Amino acid sequence: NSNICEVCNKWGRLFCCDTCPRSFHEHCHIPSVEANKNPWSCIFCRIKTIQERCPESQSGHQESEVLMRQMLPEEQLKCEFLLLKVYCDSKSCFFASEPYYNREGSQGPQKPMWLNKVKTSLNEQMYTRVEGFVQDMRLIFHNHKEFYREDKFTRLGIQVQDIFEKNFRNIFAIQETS
Ligand SMILES: [Zn+2]
Ligand SMILES: [Zn+2]
Ligand SMILES: [Zn+2]
């Protein structure tokens, strides 16, 4: 097994996957690493199993159809994995915790949003469709762009949104387009 967390790339108290060489901090994995369960398989492994059990699940899909799916166990898992893929980027730090807004010439957003809030919401089963999760994720970046205006810090929102969107298209097998 790897000697650093797959998510944050630090050492520490790591739990090792039994079916692949990845390791995790307890609260870096999503869902948080389960108490017992020997063997234990990480989210990467669980996602790969879904794909392998239904090879056709990799054929292209329309975003509109994906968004209307109910959050049954497999879609819950896919959103958890998508959230984890964002935390895997170090620039996620900017979007993890609850923001505050006091900048001359700007007003804060009407509906603040942040990664840890989406994490809690997934954990508490507050989303009934994929759309709820994706709307909250996109809102994080949209709030940032609107607040920071022409400051070059707006680019951090663009950058992390691009990680989100690429992983969304991969995990949910969105039909490739020009
Ligand atoms: Zn970690
Ligand atoms: Zn694994
Ligand atoms: Zn099948």
# chains A, B, ... in the order shown; residues from 1 in each chain; ligands from 1
>>> residues_around(residues="residue 177 in chain A", least_positions_apart="2", cutoff="12 Å", atoms="only C-alpha atoms", output="list in words")
residues 60, 61, 62, 63, 169, 173, 174 and 175 of chain A
>>> closest_atom_pairs(of="chain A", to="ligand 3", cutoff="9 Å", atoms="only C-alpha atoms and all ligand atoms", output="Markdown table")
| residue | atom | partner | partner_atom_place_in_ligand_line | distance |
| --- | --- | --- | --- | --- |
| A:51 | CA | ligand 3 | 1 (Zn) | 8.8 |
| A:52 | CA | ligand 3 | 1 (Zn) | 8.5 |
| A:53 | CA | ligand 3 | 1 (Zn) | 6.0 |
| A:54 | CA | ligand 3 | 1 (Zn) | 3.5 |
| A:55 | CA | ligand 3 | 1 (Zn) | 6.0 |
| A:56 | CA | ligand 3 | 1 (Zn) | 6.1 |
| A:57 | CA | ligand 3 | 1 (Zn) | 7.3 |
>>> write_last_selection(atoms="C-alpha atoms", output="compact mmCIF listing (two decimals), in the first residue's frame")
# COMPACT_ATOMS: atom_id res chain seq x y z
CA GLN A 51 -18.46 -0.46 -14.12
CA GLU A 52 -17.28 -4.10 -14.33
CA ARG A 53 -20.68 -5.50 -13.35
CA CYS A 54 -22.42 -3.37 -16.05
CA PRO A 55 -20.04 -2.67 -18.91
CA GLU A 56 -22.79 -0.86 -20.83
CA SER A 57 -22.86 1.76 -18.03
>>> residues_near_ligand(ligand="ligand 1", cutoff="6 Å", atoms="only C-alpha atoms and all ligand atoms", output="ChimeraX atom specification")
/A:5,7-8,10,24-25,28
>>> residues_near_ligand(ligand="ligand 2", cutoff="9 Å", atoms="only C-alpha atoms and all ligand atoms", output="PyMOL selection string")
chain A and resi 16-23+40-46
>>> write_last_selection(atoms="C-alpha atoms", output="CSV table (one decimal), in the first residue's frame")
chain,number,residue,atom,x,y,z
A,16,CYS,CA,-5.3,0.8,3.6
A,17,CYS,CA,-7.5,-0.6,0.8
A,18,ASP,CA,-7.6,-4.4,0.6
A,19,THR,CA,-8.1,-4.5,-3.1
A,20,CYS,CA,-5.9,-1.8,-4.3
A,21,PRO,CA,-2.7,0.0,-3.1
A,22,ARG,CA,-4.4,3.2,-2.1
A,23,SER,CA,-4.5,4.5,1.4
A,40,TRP,CA,-12.2,-3.1,3.1
A,41,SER,CA,-12.5,-1.8,-0.4
A,42,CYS,CA,-12.0,2.0,-1.1
A,43,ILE,CA,-14.4,4.1,-3.2
A,44,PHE,CA,-12.2,3.7,-6.2
A,45,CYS,CA,-12.5,0.0,-6.0
A,46,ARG,CA,-16.3,0.2,-5.5
>>> select_by_dssp(residues="chain A", states="alpha helix (DSSP H)", output="PyMOL selection string")
chain A and resi 43-53+63-67+73-87+93-96+115-123+130-148+154-171
>>> residues_around(residues="range 67-69 of chain A", least_positions_apart="4", cutoff="8 Å", atoms="only C-alpha atoms", output="ChimeraX atom specification")
/A:63,75,129-131,134
>>> write_last_selection(atoms="N, CA, C and O atoms", output="PDB file, in the first residue's frame")
ATOM      1  N   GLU A  63     -26.498  14.506 -20.153  1.00  0.00           N
ATOM      2  CA  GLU A  63     -26.490  15.186 -18.803  1.00  0.00           C
ATOM      3  C   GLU A  63     -27.856  15.345 -18.225  1.00  0.00           C
ATOM      4  O   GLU A  63     -28.083  15.100 -17.015  1.00  0.00           O
ATOM      5  N   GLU A  75     -25.915   5.819  -7.415  1.00  0.00           N
ATOM      6  CA  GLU A  75     -25.731   7.240  -7.711  1.00  0.00           C
ATOM      7  C   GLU A  75     -25.206   8.013  -6.491  1.00  0.00           C
ATOM      8  O   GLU A  75     -24.379   8.930  -6.691  1.00  0.00           O
ATOM      9  N   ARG A 129     -32.046  13.629  -5.815  1.00  0.00           N
ATOM     10  CA  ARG A 129     -31.630  13.387  -7.174  1.00  0.00           C
ATOM     11  C   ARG A 129     -30.201  13.892  -7.392  1.00  0.00           C
ATOM     12  O   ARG A 129     -29.759  14.829  -6.719  1.00  0.00           O
ATOM     13  N   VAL A 130     -29.541  13.315  -8.353  1.00  0.00           N
ATOM     14  CA  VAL A 130     -28.191  13.773  -8.753  1.00  0.00           C
ATOM     15  C   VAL A 130     -28.163  15.290  -8.974  1.00  0.00           C
ATOM     16  O   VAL A 130     -27.175  16.001  -8.611  1.00  0.00           O
ATOM     17  N   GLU A 131     -29.220  15.853  -9.578  1.00  0.00           N
ATOM     18  CA  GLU A 131     -29.312  17.261  -9.826  1.00  0.00           C
ATOM     19  C   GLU A 131     -29.012  18.145  -8.553  1.00  0.00           C
ATOM     20  O   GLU A 131     -28.391  19.215  -8.669  1.00  0.00           O
ATOM     21  N   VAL A 134     -25.241  18.211  -7.957  1.00  0.00           N
ATOM     22  CA  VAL A 134     -24.531  18.911  -8.975  1.00  0.00           C
ATOM     23  C   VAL A 134     -24.811  20.406  -8.918  1.00  0.00           C
ATOM     24  O   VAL A 134     -23.911  21.200  -9.109  1.00  0.00           O
TER      25      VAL A 134
END
>>> select_by_dssp(residues="chain A", states="strand (DSSP E or B)", output="list in words")
residues 5, 14, 15, 16, 23, 24, 25, 61, 70, 129 and 174 of chain A
>>> closest_residue(among="A:107, A:116, A:121, A:9", to="residue 95 in chain A", atoms="only C-alpha atoms")
A:116
>>> closest_residue(among="A:178, A:70, A:161, A:92", to="residue 132 in chain A", atoms="only C-alpha atoms")
A:70
>>> atom_distance(atom1="CA of residue 88 in chain A", atom2="CA of residue 138 in chain A")
17.1 Å
>>> residues_around(residues="residue 108 in chain A", least_positions_apart="3", cutoff="12 Å", atoms="only C-alpha atoms", output="mmCIF file with N, CA and C atoms, in the first residue's frame")
data_model
loop_
_atom_site.group_PDB
_atom_site.id
_atom_site.type_symbol
_atom_site.label_atom_id
_atom_site.label_comp_id
_atom_site.auth_asym_id
_atom_site.auth_seq_id
_atom_site.Cartn_x
_atom_site.Cartn_y
_atom_site.Cartn_z
ATOM 1 N N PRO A 99 -17.209 30.137 3.747
ATOM 2 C CA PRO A 99 -16.617 31.390 3.326
ATOM 3 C C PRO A 99 -17.279 32.588 4.041
ATOM 4 N N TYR A 100 -16.591 33.728 3.950
ATOM 5 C CA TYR A 100 -17.176 35.007 4.362
ATOM 6 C C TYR A 100 -16.740 36.085 3.348
ATOM 7 N N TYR A 101 -17.561 37.122 3.279
ATOM 8 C CA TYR A 101 -17.567 38.044 2.201
ATOM 9 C C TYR A 101 -17.554 39.531 2.658
ATOM 10 N N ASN A 102 -16.357 40.117 2.581
ATOM 11 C CA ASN A 102 -16.237 41.558 2.924
ATOM 12 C C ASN A 102 -15.127 42.183 2.097
ATOM 13 N N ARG A 103 -15.527 42.603 0.918
ATOM 14 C CA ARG A 103 -14.610 43.098 -0.108
ATOM 15 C C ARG A 103 -15.236 44.355 -0.644
ATOM 16 N N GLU A 104 -14.466 45.423 -0.718
ATOM 17 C CA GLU A 104 -15.018 46.680 -1.261
ATOM 18 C C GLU A 104 -15.465 46.470 -2.703
ATOM 19 N N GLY A 105 -16.651 46.943 -3.021
ATOM 20 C CA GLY A 105 -17.198 46.811 -4.353
ATOM 21 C C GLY A 105 -17.902 45.525 -4.680
ATOM 22 N N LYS A 111 -26.751 32.628 -1.612
ATOM 23 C CA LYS A 111 -26.778 31.295 -1.109
ATOM 24 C C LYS A 111 -25.374 30.747 -1.036
ATOM 25 N N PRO A 112 -24.642 30.980 0.062
ATOM 26 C CA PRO A 112 -23.273 30.508 0.141
ATOM 27 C C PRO A 112 -23.247 28.994 0.096
ATOM 28 N N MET A 113 -22.123 28.428 -0.374
ATOM 29 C CA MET A 113 -21.976 27.025 -0.488
ATOM 30 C C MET A 113 -20.535 26.644 -0.418
ATOM 31 N N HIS A 142 -19.720 29.258 -9.083
ATOM 32 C CA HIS A 142 -20.439 30.398 -9.606
ATOM 33 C C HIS A 142 -20.412 31.558 -8.600
ATOM 34 N N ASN A 143 -20.592 31.238 -7.329
ATOM 35 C CA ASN A 143 -20.524 32.272 -6.249
ATOM 36 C C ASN A 143 -19.167 32.917 -6.274
ATOM 37 N N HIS A 144 -18.123 32.136 -6.420
ATOM 38 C CA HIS A 144 -16.758 32.629 -6.375
ATOM 39 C C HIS A 144 -16.499 33.565 -7.535
ATOM 40 N N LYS A 145 -16.938 33.186 -8.707
ATOM 41 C CA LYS A 145 -16.720 34.019 -9.910
ATOM 42 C C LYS A 145 -17.415 35.311 -9.777
ATOM 43 N N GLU A 146 -18.632 35.276 -9.331
ATOM 44 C CA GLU A 146 -19.391 36.530 -9.170
ATOM 45 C C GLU A 146 -18.820 37.465 -8.094
ATOM 46 N N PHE A 147 -18.277 36.897 -7.049
ATOM 47 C CA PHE A 147 -17.842 37.745 -5.887
ATOM 48 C C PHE A 147 -16.498 38.428 -6.231
ATOM 49 N N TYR A 148 -15.580 37.664 -6.792
ATOM 50 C CA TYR A 148 -14.210 38.118 -7.085
ATOM 51 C C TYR A 148 -14.088 38.892 -8.374
ATOM 52 N N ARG A 149 -15.094 38.881 -9.238
ATOM 53 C CA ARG A 149 -15.212 39.915 -10.305
ATOM 54 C C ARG A 149 -13.925 39.871 -11.127
#
>>> closest_residue(among="A:14, A:126, A:137, A:163", to="residue 71 in chain A", atoms="only C-alpha atoms")
A:126
